[PDB]
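Going by the order they are written in, the chains are A, B, C, D, E, F, G, H and I; count residues from 1 in each one.
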Amino acid sequence: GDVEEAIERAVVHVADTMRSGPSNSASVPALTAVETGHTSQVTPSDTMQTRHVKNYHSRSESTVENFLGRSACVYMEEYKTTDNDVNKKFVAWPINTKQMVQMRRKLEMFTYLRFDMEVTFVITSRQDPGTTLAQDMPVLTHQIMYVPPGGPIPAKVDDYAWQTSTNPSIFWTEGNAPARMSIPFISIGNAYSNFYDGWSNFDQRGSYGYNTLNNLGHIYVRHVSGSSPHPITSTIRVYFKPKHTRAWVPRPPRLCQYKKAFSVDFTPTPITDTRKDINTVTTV
Amino acid sequence: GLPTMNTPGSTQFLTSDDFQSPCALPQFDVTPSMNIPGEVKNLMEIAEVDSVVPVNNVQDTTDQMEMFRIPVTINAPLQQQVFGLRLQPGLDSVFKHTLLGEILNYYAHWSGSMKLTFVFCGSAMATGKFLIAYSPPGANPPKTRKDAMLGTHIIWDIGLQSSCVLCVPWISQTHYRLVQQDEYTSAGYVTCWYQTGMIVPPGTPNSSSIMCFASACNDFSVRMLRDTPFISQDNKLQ
Amino acid sequence: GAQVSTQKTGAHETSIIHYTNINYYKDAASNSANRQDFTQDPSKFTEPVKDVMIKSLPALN
Amino acid sequence: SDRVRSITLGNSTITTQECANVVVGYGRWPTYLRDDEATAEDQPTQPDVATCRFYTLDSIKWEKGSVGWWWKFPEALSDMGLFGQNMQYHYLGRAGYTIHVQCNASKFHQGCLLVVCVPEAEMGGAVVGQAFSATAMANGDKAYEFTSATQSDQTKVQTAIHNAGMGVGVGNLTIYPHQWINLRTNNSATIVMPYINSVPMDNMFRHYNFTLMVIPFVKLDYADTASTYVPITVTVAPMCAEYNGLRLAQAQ
Amino acid sequence: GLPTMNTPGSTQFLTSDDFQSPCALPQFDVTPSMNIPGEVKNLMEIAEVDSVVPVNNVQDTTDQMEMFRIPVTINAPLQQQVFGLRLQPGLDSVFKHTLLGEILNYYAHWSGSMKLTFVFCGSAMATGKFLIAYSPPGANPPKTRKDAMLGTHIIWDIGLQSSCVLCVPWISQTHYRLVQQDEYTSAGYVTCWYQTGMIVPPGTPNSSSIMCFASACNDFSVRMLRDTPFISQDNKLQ
Amino acid sequence: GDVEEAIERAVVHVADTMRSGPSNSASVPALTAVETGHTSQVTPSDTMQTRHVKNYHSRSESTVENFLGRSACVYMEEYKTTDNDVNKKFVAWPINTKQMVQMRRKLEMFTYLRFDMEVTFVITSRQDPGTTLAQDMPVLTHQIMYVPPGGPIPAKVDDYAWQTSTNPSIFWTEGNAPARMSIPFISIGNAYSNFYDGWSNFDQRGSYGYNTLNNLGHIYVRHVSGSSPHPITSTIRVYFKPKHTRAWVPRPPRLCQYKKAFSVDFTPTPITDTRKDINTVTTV
Amino acid sequence: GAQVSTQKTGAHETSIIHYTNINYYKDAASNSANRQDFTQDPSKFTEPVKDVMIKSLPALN
Amino acid sequence: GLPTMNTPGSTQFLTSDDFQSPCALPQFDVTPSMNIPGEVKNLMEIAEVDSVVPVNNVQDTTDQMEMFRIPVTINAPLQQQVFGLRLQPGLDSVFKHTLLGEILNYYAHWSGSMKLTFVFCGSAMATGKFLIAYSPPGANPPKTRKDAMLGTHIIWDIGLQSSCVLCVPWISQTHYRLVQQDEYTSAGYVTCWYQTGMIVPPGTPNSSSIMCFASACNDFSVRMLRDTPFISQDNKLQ
Amino acid sequence: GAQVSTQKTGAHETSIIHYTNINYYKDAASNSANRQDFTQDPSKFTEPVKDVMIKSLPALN
């Protein structure tokens, strides 16, 4: 009514070590058949004498919610306040999570993912170097607009599309706390796919790979009415923080360095690094 | 208005913060959930799964797959060493790229026991006994089977059961060790020796391979989330 | 309707350690993270064998 | 013993005198789509015995220098009786499978294979940036092979075995449903794969749900025996197959 | 003051936000409400209403109204095709400007069944049977009545009841399709063929028109609000 | 008293699909008489065999409150800090919703509308380019005043009317969160009219159309005491977000592009685009 | 007098999903939107016929 | 939003503030606590412990350890003075670097009684009686034993019990005195005199040492946290 | 669940002197300081002798 008792007063720990003494039996825990595709459930008490240890360690920091739940930079680009080239004055980004290596490797440890998304923007501006820099420009305001697939796309900073009568936009002024908002799980499927071993056409032709399922739309950003006498360059950095996460069918982590944003493509890389012989255990 | 006073931290963007924020798509009707097999809830579930350890990651490697094959042969000198490795699951090249090592590399602290499973892959007609040991840290690693047998060990006999599990216990002065292991946080060595020898009848190959799997036990956990040293970039992709 | 639950333990020995939360938005997507769910099962991965296998008994035959 | 095993689906039965256990998906047994998980509204066909039965693909030879093979599903079964026919006439399909990999040698042979099923085994091209065609990864029940050397042919997939065509460490493929055939103890491997996807049903031609990989981690070796190669045979049975959206058959 | 700390998002203007704000006209006495007929509560109520589909939107169109008239004639070759259209209610020119298509164009996702009603507008003396079918996606559209009849269809007989309803079911791998449809999100084709033929007695016109209406069913819904591509401007009006 | 239970624990979904088998009857659902002005209530189960489908989809995002409830730019204009032309230094806008195409098309999908209005202003300033730009101007403050029909209208930035003893005004300083406020349903009628097929005079002469019912007043905006040595140009953008909405008698969406702010006027536009023949179904 | 009601469902399965609201202004115009009213009737438009028509029976005569 | 109004102090960083702040390592699992001996809860526990007072901190000191040895000798003139010190536990060189003085130097106010323990370190065969006194402040310190005996004192007799405790009471006009003591906050003097004399039998050393310990009593406390004058730097270390 | 406790005494004679606190974070590390615990024991340091010694009686023999 007023207060509610969702208290988790009983939290999970790591397994205790049971005291274990000598044995002489036909029962043999240490011998198994790896061939079954089974990982052994052996513990020290099975193969040696152990003392009792009340273990209070907890796996709290390794839940998928926690592992994925930190904001990571997924994109960055610059847009000028004034320039002769129309395209240098605004950013148009096709939303995806494959261009920044760190976030990509983490998400890619799972095949399917389902989560809500917290998006934070970090926008900074700097005056371009030049011969004459004296000016007195008022504070800048930026507009970030999300255009769902199929909506009208802006062709220049001053076009009608920026009216956002229906698309969601954020107007933010410099000097303030970074802009932020939440987006729910928006896939047309039941989970987001990090990989897709298939084609776009029924023919088994067309696009191949996860890129065929990426149609989340674009993010467009411009200065509001910020034309300055001497150019100023703003850089926008977008951060993603998944929350209320669920993950399915885990995969080996990416070993080879990434080469392309929209394909699994790689260059063969060795299993691991080498040492002189199979018995080398020293450093020098 | 209600009188308030902003405290330090106000307006900052802490990457690991945990606040609420307005939803840009008010009333969006989420696609119904579906029960897909294989849900993961904790990364430790992954680290608890066996992966093949590249124990034979030696210098002269011609063929990459050779790294997974530990050589064992007939008429080996008595008490000969089969292999030796140092216990730094997150740092040593033998472990760093296994499932367990990869998970460890997203953290800075670790604690718990490990399972090293060895599987004999020779013919059904070959026989042999091996002594597999774990030596807690000390100034010097074991150089002889006599040295090795004083530590934690198991004597593996080959028969119908092809695999054997050496479970290396958590023996440490501190509750946790560093993933970026150092001398203070030293864990020791794991070595293998011929207990008797690999004997063979007529008409069977002269040498065979042994494989090594590694996974975490139920008392294992990691702490301190950090970025991994294993992935990087000089440019945005595209 | 405020929810009151326990905090993650700090440097000091544990009652004063509970925090309170109230949701301010109409969409669940707006809510903070589920930092405190510790349900966990490693057996889909560590032992997906049809016939259950007890440690004491041999694996084959 | 438990080594003895008998499996009957439709008009076919499989028997094994020396097996390990039976690995089951992620502990999930195949099952028909429930009403509360469906989108496609038409009444589906569930051919039952006509489709849910064992199909044996062409055999292959495991030689001392073999490096590994892969088959993509459901493509590998596109020509198999009524299972293939139903795939052709329907826009959507859904199924789980019982995979039985057979390989017998002798008590004097040695060798060890990893038998894995990789869901969404999206692969990289032999030359980065260069697109390849479907033919570079699947074509009926034809077995595709990995190589030791890194692939140069741009019409192919990057076949270098140690990265399994996916850019990961081949020794970590164990997180996927698998079993090992160690000649010294086994003679076959059986994995039951449930339907795994991000959508309830999917088109069976356009999407390869999972890839079966058979990789020799320990090379085939033997002494003065008259037998040279050791055959490897794959027999698979669809389970709980159901289809929606009937229309004209897809030409290929 | 009460100690507070501003979090990210503070001071921003999110277009789809939902907060309270001071009223500039305190205590303004609103004009009483009146019960006007025709209240709308959901845009889907509009999409559920039939509108005439310009099926005959062919290149050589001289007269705009011709777009609504599907031609049907006497002595047509057996099994002849009357028309063919591709199911992209928000993208294809045949549907994009109908009531249903216009509503769809303010959203990015859609799901549900559709009603295509056909009404015969020839004289009471004409007769005929037509096969109207829906083909779920596949590599190739039906080129013959034989191909078409394998999919979902209805055989329409002309009599006192002038109209017939082909209800195209929601058959999809995903719960929702995109309004800006692509191959992955393909929906298929709807085609019409002569089942028998349009027979006529003496003294009646030789050809007649059929009209097509379209509306959504009760299992239909849209998601993801977005601006429509159908309206724009270069300057403020005035 | 303290807490209140307005919980909507029972929300509406889209219709389920009922399992349906074979039939052979005189009852025929698929044949109807479109002539009655009735849209058929047929569902797939009426014309084919269906499986049962528990449908959880919901029409939440398509309620009129939701469709209209996003802020949309309805006007924008510039006013200078210093200029020789008196009128270039302040804005005078006759409130209306017909000048910005996107919002206009949405509202115009209904004949009558009744709602409260949330108004947000986005004001940005830029220093005009010139030969000498060095200055150090303090932060700017703007005044936005609403003048109901008939009130005194300002003729210059410094005139008495700006006293606002009774008209509502907002004083806002740059660098801060955008100004905002709510206005209740202020029509003299029972609902706002988007269209008006009639005249102003009883004679059937005078003004024709909706413009005759538009008398919502004006918005006037100026810099407070912002005269700067070198001119600065501010641009104001006004956003409208209807809330607590009711709509009556829906109309076909506007097909022809808009030509005038105060009239329905248009240029004939074809029904839709064409294709080669009535059977063309391919793309290439 | 705070009002407590349910939120729109998020990525996770549903009790913790309710939010609380309190009005701070004297005019109802100041209140937030009615994002959650889902009452709906398509029959004024889909079937405005004087005599009701059941689907099974023929339309004319 | 809820109407609020920031008050003065908003956004400032006060070093001694006490607010909550977000945790950068959400859900970090702290290492379990362990019961280590010697826990301290209040700095006064330390100040209550005796430390050796360098009473003989005289100018000509050659050997540093001599500072702890108060000289006492045979055939001393009657009523001779042994030592004299001024009571400024936080300021005078005799006390400032003892445990008590060091703790006092992190505060600006102090109050309470003190224990000055004297221990005779000559042979078991030596004898002697000493008068140890405390003189509350006044214009002039005692110059003679006759002057000293009018104040608070104890007459110490040497025997099996080697140590004697002069407890200097808190006698002050104010509740607290300043650590940086001044005339207003004057505390007085402590002096020691021969009551009889140190007598010795044949074959024992002619002079001996007395040591002085100091600690706080249970009525002692400090106030006003401040930085200590005893530590500084010109550069960052390294 | 707000905690209410007493304040440290001010210039004026003491009921109106209690303050209230509510924790806003999920980790105890986030909480304010324990400025008010006055438990104290000087005997581990002032008297760590095995055999207890009463002041009135002599120290030796």
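Convention: a contact is a pair of C-beta atoms (placed from the backbone, for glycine too) under 8 Å apart; a residue touches a chain by one contact, two chains touch by 3 or more.
Engineer: Look at interface B-E and say which pair in E-H or B-H is its repeat, using the rule that over half of the contact pairs are identical by residue number.
Structural biologist: Repeat of the B-E interface: B-H.
Engineer: Does A-C or A-G have more contacting C-beta pairs?
Structural biologist: The comparison resolves to A-C.
Engineer: Let me have the rounded angstrom distance from the C-alpha centre of subunit B over to the C-alpha centre of subunit G, please.
Structural biologist: 55
Engineer: Suppose each chain is reduced to the average of its Cα coordinates; what separation in Å results between subunit C and subunit I?
Structural biologist: From the centre of subunit C to the centre of subunit I is 36 Å.
Engineer: Could you put a whole-Å number on the gap between the CA centroids of subunit E and subunit G?
Structural biologist: 24
Engineer: From the C-alpha centre of subunit F to that of subunit I, how far is it in Å?
Structural biologist: 64
Engineer: So which bits of subunit F are touching at least two other chains?
Structural biologist: 2-3, 17, 28-29, 31-33, 39-42, 44, 46, 48, 50, 57-61, 63, 66, 69-72, 100-102, 106, 122, 176-178, 182-185, 250
Engineer: Mind pulling the subunit B residues that touch 2 or more other chains?
Structural biologist: In subunit B, the residues touching two or more other chains are 2-7, 9-11, 13, 16-34, 36-39, 41-42, 44-46, 48-51, 54, 64, 68, 97, 99, 102, 119, 160-163, 175, 213, 215, 221, 223-225.
Engineer: Quick one: which residues in subunit I touch 2 or more of the other chains?
Structural biologist: In subunit I, the residues touching two or more other chains are 1, 23-27, 29-31.
Engineer: For a test of understanding, state which residues of subunit B touch subunit H in their complex under the given definition.
Structural biologist: 1-10, 14, 16-18, 175-176, 221, 223-225
Engineer: Spell out the residues on subunit F that touch subunit A in their complex, using ranges where they run on.
Structural biologist: Its residues touching subunit A are 2-3, 70-73, 78, 100-103, 106, 122, 124-130, 133-137, 140, 174-178, 232-233, 235, 237.
Engineer: What part of subunit G is in contact with subunit B in the complex they form?
Structural biologist: 8-11, 13, 33, 35-36
Engineer: Can you list the residues on subunit E that touch subunit F in the complex?
Structural biologist: Interface residues on the subunit E side: 10-13, 15-18, 20-25, 28, 30-34, 36-46, 48-51, 54-59, 61, 64, 67-68, 70-71, 81-86, 93-94, 96-97, 99, 102, 106-107, 111-113, 115, 117, 119, 141, 152, 154, 159, 161-167, 169-170, 175, 189, 191, 213, 215, 217-225, 227-228, 230-233, 236-238.
Engineer: Please give the residue numbers of subunit C that touch subunit D in the complex, ascending.
Structural biologist: Per the stated touch rule, the residues are 43-45, 48-51, 53, 60-61.
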